[PDB]
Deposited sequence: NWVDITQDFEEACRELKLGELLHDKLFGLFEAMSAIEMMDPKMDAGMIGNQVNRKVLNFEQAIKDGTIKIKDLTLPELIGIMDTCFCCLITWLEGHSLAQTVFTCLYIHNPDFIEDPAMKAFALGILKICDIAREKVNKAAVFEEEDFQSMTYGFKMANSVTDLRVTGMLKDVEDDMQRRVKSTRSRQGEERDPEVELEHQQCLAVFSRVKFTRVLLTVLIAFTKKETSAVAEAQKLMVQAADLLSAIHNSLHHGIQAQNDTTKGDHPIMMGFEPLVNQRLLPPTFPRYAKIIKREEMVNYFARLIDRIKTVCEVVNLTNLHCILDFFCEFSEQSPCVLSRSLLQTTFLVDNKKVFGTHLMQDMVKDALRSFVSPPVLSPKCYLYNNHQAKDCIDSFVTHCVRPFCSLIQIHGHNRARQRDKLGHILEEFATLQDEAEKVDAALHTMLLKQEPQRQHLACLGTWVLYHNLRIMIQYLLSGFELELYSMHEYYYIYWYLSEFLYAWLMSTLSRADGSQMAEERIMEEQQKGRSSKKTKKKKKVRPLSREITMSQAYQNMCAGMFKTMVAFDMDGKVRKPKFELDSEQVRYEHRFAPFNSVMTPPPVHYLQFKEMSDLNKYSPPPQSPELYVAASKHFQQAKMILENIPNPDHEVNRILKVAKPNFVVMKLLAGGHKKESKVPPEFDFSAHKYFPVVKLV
């Protein structure tokens, strides 16, 4: 029944409402909001609350204020998500289905109403602060906690909409308050009216115009508050490389669409944080990474008005690929792979422009801008390749050549780029030593895994697909198709891959024990690198490397040689590198 047609009927109560009714109603509305935030529609989850349809009809101040707060939170969330545009076709449904979503009342008025309801309930709590009295006090505590949480969440969502990012620094403290509050909303959860089609809710309201359990609500909201607190700290960064690393780290956790959209909108259509210009950020990243002579204050190229109007054009050309790269990082972990594969054409164009600009600058008096663009492009390709491991898109028999591409070719180019960048940095004079070390560990892990897979295939422990029209050549060409749009580094075709990956160069050709020992030596180098440098990623890499080494050393001694069972590869320990168990 519709709210307008039910107010006269008497099935719903708009005034003189009991505390347990409010506790249950607020809990159910919170669950509906969380369900909507998980990627579902509005007419099915949030608008099932008959009260939210027209909150002007509610006479109880508390319920009306709660409805206004929920509507305003939905407004801010929808606006931010639409602005960011980092949600897939089915990861969020932003259509409002023609609902008047509390646009008449201001947001500050809603916050004031929430504060008034909270104060006029803390007074009641203090009036009994010392069985029926105890139950009333507990219900009052529950209502006050829910109201205060609504107010603080709406306040943070409001503060995230200010033009200046500094307002976010005025909201982080509020999040701490939520830590001492959500548990309260969790503690007095058995006071609300349990569902049985609860009172005040009609899930079949919307049928001609077209949830989660309460126990999981508190933990989800706590995780979301932690995500927002993590997002808030992004305003302290000053270099594009650090922001890129921050975005990658944030996306590694698979955050909700609201968190990704909030981060995207707080980062940037033209000004970063509302303070820095993206052209200047690009120039600063160039100066901090490769230090080209043009960007040095006293290198005579800054004073030239034509080298300046050649570096600025390149910076303006590089500004859009980077915005697109950040946006691609903002998406979920499914479309990220395809968008990474597609950004390669734009970055190849950028690389060609960088090469031309560097050549012209040297001729007018090498490989500084080209080195920087190559570093970013190599990062893109490596992340694209590893994403398939993250998404279980590779079969068992595809591991060896994917890992060979990652280790022997891509990571070698990455090390050459990093070493040349550090050399140019020294020549113009260790922010990349940690990155070099991490790349060393990653490359050794990948090389060990590649040798492992090659030995497994030689031993016959890997199942291949036997059917007349399936060839490795076409599979290899299609797997590495996005790499055709790049020119430097050159794509490695199937024939060259078989030539370099062949084991007939070494006389005598290596057998399974030799390759197993080589993989063990790679894992040992990875361990000796990682365990000498730490954060969570280093611990995950070490936990994925240490048992791997002992497993391969044990297996190189002839254990389970006659068996043909395919070994299991557990990706629980680390996202990209598996722990190969023999059981």
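- If you line the structure up with the deposited chain, the stretches without a C-alpha atom are 1-56, 187-193, 260-268, 283-291, 350-351, 449-457, 522-542, 647-648.
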